[PDB]
Amino acid sequence: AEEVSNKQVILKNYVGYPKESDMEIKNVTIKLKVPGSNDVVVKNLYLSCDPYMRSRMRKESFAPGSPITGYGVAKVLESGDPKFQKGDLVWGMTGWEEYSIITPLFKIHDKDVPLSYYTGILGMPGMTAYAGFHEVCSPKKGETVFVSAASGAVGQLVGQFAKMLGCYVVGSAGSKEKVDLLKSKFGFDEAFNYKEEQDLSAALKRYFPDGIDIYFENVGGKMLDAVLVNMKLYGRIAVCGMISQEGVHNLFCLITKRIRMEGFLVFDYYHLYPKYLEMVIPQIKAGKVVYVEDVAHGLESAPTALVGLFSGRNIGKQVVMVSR
Amino acid sequence: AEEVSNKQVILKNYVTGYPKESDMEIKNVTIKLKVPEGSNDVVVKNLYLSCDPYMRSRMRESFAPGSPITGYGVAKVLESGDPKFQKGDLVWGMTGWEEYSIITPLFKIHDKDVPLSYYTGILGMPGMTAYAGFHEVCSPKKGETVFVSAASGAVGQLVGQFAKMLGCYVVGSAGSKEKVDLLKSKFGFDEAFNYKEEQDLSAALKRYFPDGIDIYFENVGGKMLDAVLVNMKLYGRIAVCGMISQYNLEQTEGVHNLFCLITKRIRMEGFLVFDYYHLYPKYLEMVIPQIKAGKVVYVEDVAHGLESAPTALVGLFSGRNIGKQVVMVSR
Ligand SMILES: NC(=O)c1ccc[n+]([C@@H]2O[C@H](COP(=O)([O-])OP(=O)(O)OC[C@H]3O[C@@H](n4cnc5c(N)ncnc54)[C@H](OP(=O)(O)O)[C@@H]3O)[C@@H](O)[C@H]2O)c1
Ligand SMILES: NC(=O)c1ccc[n+]([C@@H]2O[C@H](COP(=O)([O-])OP(=O)(O)OC[C@H]3O[C@@H](n4cnc5c(N)ncnc54)[C@H](OP(=O)(O)O)[C@@H]3O)[C@@H](O)[C@H]2O)c1
Ligand SMILES: COc1cc(/C=C/C=O)ccc1O
């Protein structure tokens with residue numbers, strides 16, 4: 001059994017405005033051995049920085065003194081689990097460290113796409129966009145679609161999925177750079193900077209003169225109130241996230257417009273993952289669906305990457321490359 | 001043609017905040033009971049008028065000051081330029097708040113072995129609302145837990161019975177002890193409470209639903225909706241029927257707990273009874289026999305005469321109605 005140094009990113013204390021100083025790099029030794037258990041021993045390759053991670057920094061929560069955990073991409077080294085062997089590439093819950101021992105996780109089968117994608121378009125955020133838009137929104141060709149946080153990991157896919165259906169798509173984001181990207185790279189019909197608008201309702205009016213069939217909700221609050229008054233009869237709202245979290249005032253619109261507003265969790269849809277891959281892999285290979293990610297290098301960079309994600313300093317999907 | 005005086009309830013002006021009696025008045029005019037030439041109009045004598053909460057929204061599509069209020073009623077046909085209706089037919093539909101109306105292009109009533117007043121409630125729009133809302137929007141299943149607000153009202157008292165009939169566990173809220181007693185002794189709710197006597201509505205619902213709520217039939221909105229959200233089960237459903245606590249506010253109360261839709265995967269869906277009238281033949285064919293057999297029951301509050309109508313309508317918003325509020329026009 002190989003015994004190796006193992007760098008780790010440790011939660012120093014519960015978090016307040018998350019800062020780099022609440023994490024800490026620690027250097028330990030690890031013996032790369034299956035414990036008599038069903039554990040998988042992996043070398044981590046990529047780590048996802050995901051918004052839900054913030055709530056886990058307070059007290060299912062992270063433990064101070066212990067490594068941070070989250071979605072990543074890793075190589076199997078040893079396995080007591082029948083489903084995985086040495087050399088398998090996998091994605092799932094792993095540790096923020098060079099090597100992890102994982103308890104009883106998806107086998108990667110296509111190595112022809114950059115492997116970082118299995119933290120985003122081919123991982124949890126991609127499955128999130130697929131379940132939310134294709135299942136929860138019941139979309140039809142020619143319908144109008146608004147996407148909140150449109151340049152994030154999830155929303156940049158929702159808009160391309162809608163485009164591919166023949167929908168008219170508008171997105172909102174937090175900078176000129178992000179807006180230009182929405183239009184020029186993701187093929188959104190329109191986009192605006194929400195920070196610039198003094199009246200979100202009037203602005204959605206201008207982009208949707210006939211109303212909105214589908215809102216993919218990443219935000220909540222005032223944005224949700226502005227959407228509600230601009231929805232079409234029988235409009236659908238897929239409640240994915242509420243990252244901005246402020247009272248919502250316009251729920252009466254659910255009756256007058258007969259709107260179905262429905263929350264969902266990506267874990268409930270994992271039986272549809274092979275089918276999602278079946279659709280999106282050849283779209284990617286043909287350049288008809290695209291993805292933009294931010295890749296920080298080395299674990300020494302992971303605290304900075306996680307903190308910057310919480311503010312939106314990243315462009316699209318934030319990833320840390322642990323090792324090549 | 002026959003000429004008779006025609007008493008009318010007139011809306012005096014648009015309303016801010018709560019409506020009061022003096023926002024309406026009684027006017028007497030002369031009406032000629034005849035079908036306007038070339039029209040397919042129907043001339044009716046009004047018998048029962050429904051008081052319905054959505055009528056508040058029309059006091060700010062909207063009613064016109066100086067003109068009769070209009071709403072759902074039950075009437076007897078006197079003359080008709082429409083071949084579908086004959087003199088002597090009984091109908092229910094939109095009519096005027098008056099002794100007689102000329103109605104331009106209505107459901108023809110066939111069963112008169114039930115009180116005619118029931119076609120303002122259990123056999124009219126509110127009855128269809130409870131059925132469409134509960135049977136269609138809530139996708140209910142045997143053994144599920146069901147919470148209904150404004151539960152002793154026109155729509156609520158039916159939702160609760162339909163839920164018990166399905167073998168659901170059912171809890172109702174109402175705004176007085178008398179209404180709570182009625183929920184439990186007449187309508188067969190498993191439990192009920194007076195929302196005004198609860199210090200903390202969330203803690204109240206947790207007491208009545210130790211494992212959470214599968215289905216919320218929402219008639220009320222506001223702080224009640226927030227207390228329900230944190231008590232919902234996984235894949236809970238909320239059929240958004242009404243938000244009566246909000247109707248008389250100049251600014252709505254903010255709803256704060258929507259993040260629960262995500263953690264609990266909740267479907268919260270609004271609906272309008274109008275969209276579901278294709279199901280009305282079916283509803284009547286199921287419910288009428290159940291009423292005649294005493295398996296479904298009804299409580300209505302019948303005010304007497306058009307002079308009572310302003311009071312009857314205003315009292316909805318104070319909880320003065322016990323069960324479905326009706327005005328008997330004529331005797
Ligand atoms: N239900 C589920 O199963 C599930 C699964 C995955 C993710 N989610 C949720 O989906 C949402 C988006 O996830 P993601 O992975 O795609 O995140 P992300 O967009 O990659 O990162 C966060 C983004 O949200 C926007 N944002 C941050 N603060 C904001 C604010 N105050 N107001 C408006 N926009 C703000 C940012 O873009 P701007 O430049 O536009 O500000 C930022 O890029 C999150 O709320 C997340 O928790 C839910
Ligand atoms: N979506 C549709 O197609 C449709 C059709 C019909 C009705 N509706 C809606 O369904 C609901 C019930 O209608 P209904 O005909 O059955 O009325 P109802 O319950 O017969 O009468 C109204 C009742 O609302 C309650 N109430 C009034 N103000 C309140 C407040 N501030 N907070 C809490 N409760 C209050 C009262 O009962 P308590 O004494 O118990 O407080 C009062 O008796 C309404 O919200 C209505 O707008 C919707
Ligand atoms: C018929 O009953 C209602 C209708 C509406 C909405 C009507 C919009 O066309 C709101 C509340 C009600 O009680």
# chains A, B, ... in the order shown; residues from 1 in each chain; ligands from 1
>>> residues_near_ligand(ligand="ligand 3", cutoff="9 Å", atoms="only C-alpha atoms and all ligand atoms", output="list in words")
residues 252, 253, 255, 256, 257 and 258 of chain A; 52, 53, 54, 55, 57, 61, 125, 126, 129, 219, 241, 242, 243, 244, 271, 272, 273 and 274 of chain B
>>> closest_atom_pairs(of="chain B", to="ligand 1", cutoff="12 Å", atoms="only C-alpha atoms and all ligand atoms", output="CSV")
residue,atom,partner,partner_atom_place_in_ligand_line,distance
B:259,CA,ligand 1,45 (O),10.0
B:260,CA,ligand 1,1 (N),10.9
B:261,CA,ligand 1,1 (N),9.5
B:262,CA,ligand 1,1 (N),6.0
B:263,CA,ligand 1,1 (N),7.9
B:264,CA,ligand 1,1 (N),10.1
B:265,CA,ligand 1,1 (N),8.5
B:266,CA,ligand 1,1 (N),11.5
>>> write_last_selection(atoms="N, CA, C and O atoms", output="short mmCIF file (atom, residue, chain, number, x, y, z; two decimals), in the first residue's frame")
data_model
loop_
_atom_site.label_atom_id
_atom_site.label_comp_id
_atom_site.auth_asym_id
_atom_site.auth_seq_id
_atom_site.Cartn_x
_atom_site.Cartn_y
_atom_site.Cartn_z
N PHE B 259 -38.48 29.49 0.38
CA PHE B 259 -37.31 28.60 0.22
C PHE B 259 -37.72 27.16 0.54
O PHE B 259 -37.11 26.21 0.03
N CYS B 260 -38.78 26.99 1.34
CA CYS B 260 -39.31 25.65 1.65
C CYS B 260 -39.77 24.85 0.40
O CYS B 260 -39.82 23.60 0.43
N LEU B 261 -40.18 25.56 -0.66
CA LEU B 261 -40.59 24.88 -1.91
C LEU B 261 -39.45 24.02 -2.41
O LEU B 261 -39.70 22.97 -3.00
N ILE B 262 -38.21 24.46 -2.16
CA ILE B 262 -37.02 23.72 -2.63
C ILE B 262 -36.68 22.55 -1.69
O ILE B 262 -36.62 21.41 -2.12
N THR B 263 -36.50 22.84 -0.41
CA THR B 263 -36.10 21.81 0.56
C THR B 263 -37.13 20.66 0.64
O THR B 263 -36.75 19.50 0.77
N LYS B 264 -38.42 21.00 0.53
CA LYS B 264 -39.52 20.03 0.52
C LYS B 264 -40.07 19.67 -0.86
O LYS B 264 -40.97 18.88 -0.91
N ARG B 265 -39.52 20.19 -1.97
CA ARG B 265 -40.05 19.89 -3.28
C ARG B 265 -41.61 20.02 -3.37
O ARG B 265 -42.36 19.07 -3.70
N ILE B 266 -42.09 21.22 -3.11
CA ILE B 266 -43.53 21.46 -3.01
C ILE B 266 -44.04 22.00 -4.33
O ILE B 266 -43.35 22.81 -4.94
#
>>> residues_around(residues="segment 307-315 of chain A", least_positions_apart="4", cutoff="8 Å", atoms="only C-alpha atoms", output="MDAnalysis selection string")
chainID A and resid 18:20 49:51 54 151:152 178 292:294 303
>>> write_last_selection(atoms="N, CA, C and O atoms", output="tab-separated table (two decimals), in the first residue's frame")
chain	number	residue	atom	x	y	z
A	18	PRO	N	-18.34	34.82	4.54
A	18	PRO	CA	-17.28	33.79	4.41
A	18	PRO	C	-15.97	34.39	3.93
A	18	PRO	O	-15.94	35.20	3.01
A	19	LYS	N	-14.89	34.02	4.61
A	19	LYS	CA	-13.58	34.55	4.30
A	19	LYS	C	-12.58	33.40	4.16
A	19	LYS	O	-12.83	32.29	4.65
A	20	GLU	N	-11.44	33.66	3.50
A	20	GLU	CA	-10.38	32.66	3.34
A	20	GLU	C	-9.86	32.21	4.69
A	20	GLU	O	-9.45	31.06	4.85
A	49	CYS	N	-16.95	24.26	-6.74
A	49	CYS	CA	-17.34	25.22	-5.73
A	49	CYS	C	-18.83	25.48	-5.99
A	49	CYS	O	-19.21	26.04	-7.05
A	50	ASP	N	-19.68	25.07	-5.07
A	50	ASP	CA	-21.13	25.19	-5.31
A	50	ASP	C	-21.79	26.08	-4.25
A	50	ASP	O	-21.44	25.95	-3.07
A	51	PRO	N	-22.76	26.95	-4.66
A	51	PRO	CA	-23.44	27.86	-3.68
A	51	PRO	C	-24.03	27.19	-2.41
A	51	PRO	O	-23.90	27.76	-1.32
A	54	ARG	N	-22.19	27.18	1.21
A	54	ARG	CA	-22.24	28.23	2.25
A	54	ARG	C	-23.02	27.85	3.52
A	54	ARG	O	-22.54	28.11	4.64
A	151	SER	N	-25.96	33.42	-16.13
A	151	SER	CA	-24.59	33.06	-16.54
A	151	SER	C	-23.93	32.07	-15.52
A	151	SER	O	-22.77	31.66	-15.69
A	152	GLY	N	-24.65	31.69	-14.48
A	152	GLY	CA	-24.14	30.65	-13.60
A	152	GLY	C	-24.04	29.25	-14.18
A	152	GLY	O	-24.43	28.99	-15.31
A	178	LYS	N	-20.95	39.64	-18.18
A	178	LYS	CA	-21.85	38.48	-18.11
A	178	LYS	C	-23.02	38.58	-19.10
A	178	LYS	O	-23.41	37.59	-19.73
A	292	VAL	N	-18.84	27.46	-20.09
A	292	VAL	CA	-17.78	28.37	-19.64
A	292	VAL	C	-17.57	28.12	-18.17
A	292	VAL	O	-18.54	28.16	-17.33
A	293	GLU	N	-16.31	27.84	-17.84
A	293	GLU	CA	-15.94	27.59	-16.45
A	293	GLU	C	-14.70	28.40	-16.07
A	293	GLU	O	-13.89	28.81	-16.94
A	294	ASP	N	-14.58	28.61	-14.75
A	294	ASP	CA	-13.46	29.26	-14.15
A	294	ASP	C	-12.63	28.19	-13.42
A	294	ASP	O	-13.15	27.49	-12.51
A	303	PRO	N	-9.59	27.91	-0.94
A	303	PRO	CA	-10.26	28.90	-0.09
A	303	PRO	C	-10.60	30.18	-0.85
A	303	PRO	O	-11.75	30.65	-0.82
>>> atom_distance(atom1="atom CA of residue 155 of chain A", atom2="atom CA of residue 97 of chain A")
28.7 Å
>>> residues_around(residues="residue 325 of chain B", least_positions_apart="2", cutoff="10 Å", atoms="only C-alpha atoms", output="JSON, numbers by chain")
{"B": [49, 50, 51, 52, 53, 120, 121, 153, 154, 299, 300, 301, 302, 303, 309, 312, 313, 315, 316, 320, 321, 322, 323, 327]}
>>> write_last_selection(atoms="N, CA, C and O atoms", output="mmCIF file, in the first residue's frame")
data_model
loop_
_atom_site.group_PDB
_atom_site.id
_atom_site.type_symbol
_atom_site.label_atom_id
_atom_site.label_comp_id
_atom_site.auth_asym_id
_atom_site.auth_seq_id
_atom_site.Cartn_x
_atom_site.Cartn_y
_atom_site.Cartn_z
ATOM 1 N N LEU B 49 -79.170 35.423 -4.297
ATOM 2 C CA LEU B 49 -77.871 35.975 -4.740
ATOM 3 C C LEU B 49 -76.759 35.432 -3.898
ATOM 4 O O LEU B 49 -76.919 35.324 -2.693
ATOM 5 N N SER B 50 -75.612 35.101 -4.517
ATOM 6 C CA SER B 50 -74.462 34.616 -3.724
ATOM 7 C C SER B 50 -73.643 35.823 -3.251
ATOM 8 O O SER B 50 -73.402 36.723 -4.053
ATOM 9 N N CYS B 51 -73.191 35.833 -2.000
ATOM 10 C CA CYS B 51 -72.072 36.729 -1.623
ATOM 11 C C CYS B 51 -70.728 36.019 -1.681
ATOM 12 O O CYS B 51 -70.499 35.066 -0.955
ATOM 13 N N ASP B 52 -69.823 36.481 -2.544
ATOM 14 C CA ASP B 52 -68.535 35.779 -2.754
ATOM 15 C C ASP B 52 -67.375 36.773 -2.566
ATOM 16 O O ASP B 52 -67.471 37.955 -3.007
ATOM 17 N N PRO B 53 -66.307 36.318 -1.916
ATOM 18 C CA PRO B 53 -65.169 37.199 -1.605
ATOM 19 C C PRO B 53 -64.501 37.916 -2.822
ATOM 20 O O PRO B 53 -64.060 39.059 -2.688
ATOM 21 N N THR B 120 -76.310 28.556 -5.432
ATOM 22 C CA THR B 120 -75.325 29.655 -5.176
ATOM 23 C C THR B 120 -74.057 29.137 -4.527
ATOM 24 O O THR B 120 -73.075 29.874 -4.522
ATOM 25 N N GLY B 121 -74.098 27.899 -3.966
ATOM 26 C CA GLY B 121 -73.004 27.367 -3.180
ATOM 27 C C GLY B 121 -72.570 25.967 -3.545
ATOM 28 O O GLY B 121 -71.852 25.768 -4.513
ATOM 29 N N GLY B 153 -66.090 27.791 5.661
ATOM 30 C CA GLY B 153 -66.763 28.569 4.552
ATOM 31 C C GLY B 153 -67.367 27.780 3.386
ATOM 32 O O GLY B 153 -67.380 26.558 3.386
ATOM 33 N N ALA B 154 -67.854 28.497 2.383
ATOM 34 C CA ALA B 154 -68.527 27.922 1.210
ATOM 35 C C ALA B 154 -67.717 26.824 0.531
ATOM 36 O O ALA B 154 -68.290 25.755 0.163
ATOM 37 N N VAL B 299 -73.984 23.901 5.207
ATOM 38 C CA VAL B 299 -74.470 24.987 6.073
ATOM 39 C C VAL B 299 -74.371 26.290 5.289
ATOM 40 O O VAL B 299 -73.275 26.653 4.819
ATOM 41 N N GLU B 300 -75.510 26.958 5.139
ATOM 42 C CA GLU B 300 -75.550 28.258 4.492
ATOM 43 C C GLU B 300 -76.227 29.256 5.421
ATOM 44 O O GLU B 300 -76.976 28.870 6.367
ATOM 45 N N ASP B 301 -75.952 30.532 5.149
ATOM 46 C CA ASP B 301 -76.409 31.648 5.955
ATOM 47 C C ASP B 301 -77.254 32.428 4.970
ATOM 48 O O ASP B 301 -76.703 33.000 4.014
ATOM 49 N N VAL B 302 -78.578 32.426 5.151
ATOM 50 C CA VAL B 302 -79.488 33.111 4.188
ATOM 51 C C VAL B 302 -80.037 34.460 4.732
ATOM 52 O O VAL B 302 -80.877 34.471 5.607
ATOM 53 N N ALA B 303 -79.519 35.581 4.233
ATOM 54 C CA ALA B 303 -80.063 36.906 4.607
ATOM 55 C C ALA B 303 -81.360 37.157 3.832
ATOM 56 O O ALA B 303 -81.516 36.678 2.721
ATOM 57 N N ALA B 309 -78.513 42.912 1.620
ATOM 58 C CA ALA B 309 -77.403 42.456 0.813
ATOM 59 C C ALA B 309 -76.075 43.207 1.117
ATOM 60 O O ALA B 309 -75.020 42.568 1.206
ATOM 61 N N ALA B 312 -74.764 41.638 4.197
ATOM 62 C CA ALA B 312 -74.358 40.257 3.967
ATOM 63 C C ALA B 312 -73.006 40.284 3.275
ATOM 64 O O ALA B 312 -72.162 39.458 3.586
ATOM 65 N N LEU B 313 -72.816 41.190 2.301
ATOM 66 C CA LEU B 313 -71.574 41.156 1.528
ATOM 67 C C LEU B 313 -70.336 41.599 2.361
ATOM 68 O O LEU B 313 -69.252 40.904 2.371
ATOM 69 N N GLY B 315 -70.039 41.605 5.692
ATOM 70 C CA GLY B 315 -69.736 40.602 6.715
ATOM 71 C C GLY B 315 -68.803 39.466 6.335
ATOM 72 O O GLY B 315 -68.196 38.844 7.217
ATOM 73 N N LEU B 316 -68.631 39.192 5.043
ATOM 74 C CA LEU B 316 -67.668 38.111 4.613
ATOM 75 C C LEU B 316 -66.274 38.375 5.150
ATOM 76 O O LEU B 316 -65.529 37.465 5.589
ATOM 77 N N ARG B 320 -68.503 37.214 9.566
ATOM 78 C CA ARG B 320 -69.874 37.188 10.073
ATOM 79 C C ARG B 320 -70.750 36.083 9.455
ATOM 80 O O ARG B 320 -71.706 35.619 10.110
ATOM 81 N N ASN B 321 -70.449 35.654 8.214
ATOM 82 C CA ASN B 321 -71.163 34.525 7.658
ATOM 83 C C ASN B 321 -70.800 33.252 8.451
ATOM 84 O O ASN B 321 -69.654 33.084 8.825
ATOM 85 N N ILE B 322 -71.789 32.383 8.692
ATOM 86 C CA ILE B 322 -71.561 31.023 9.134
ATOM 87 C C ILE B 322 -71.904 30.093 7.983
ATOM 88 O O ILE B 322 -73.084 29.880 7.658
ATOM 89 N N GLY B 323 -70.874 29.551 7.344
ATOM 90 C CA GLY B 323 -71.093 28.850 6.110
ATOM 91 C C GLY B 323 -71.363 29.814 4.951
ATOM 92 O O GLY B 323 -71.119 31.022 5.041
ATOM 93 N N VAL B 327 -78.211 35.717 -0.217
ATOM 94 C CA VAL B 327 -79.317 36.678 0.031
ATOM 95 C C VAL B 327 -80.551 36.148 -0.714
ATOM 96 O O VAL B 327 -80.486 35.849 -1.921
#
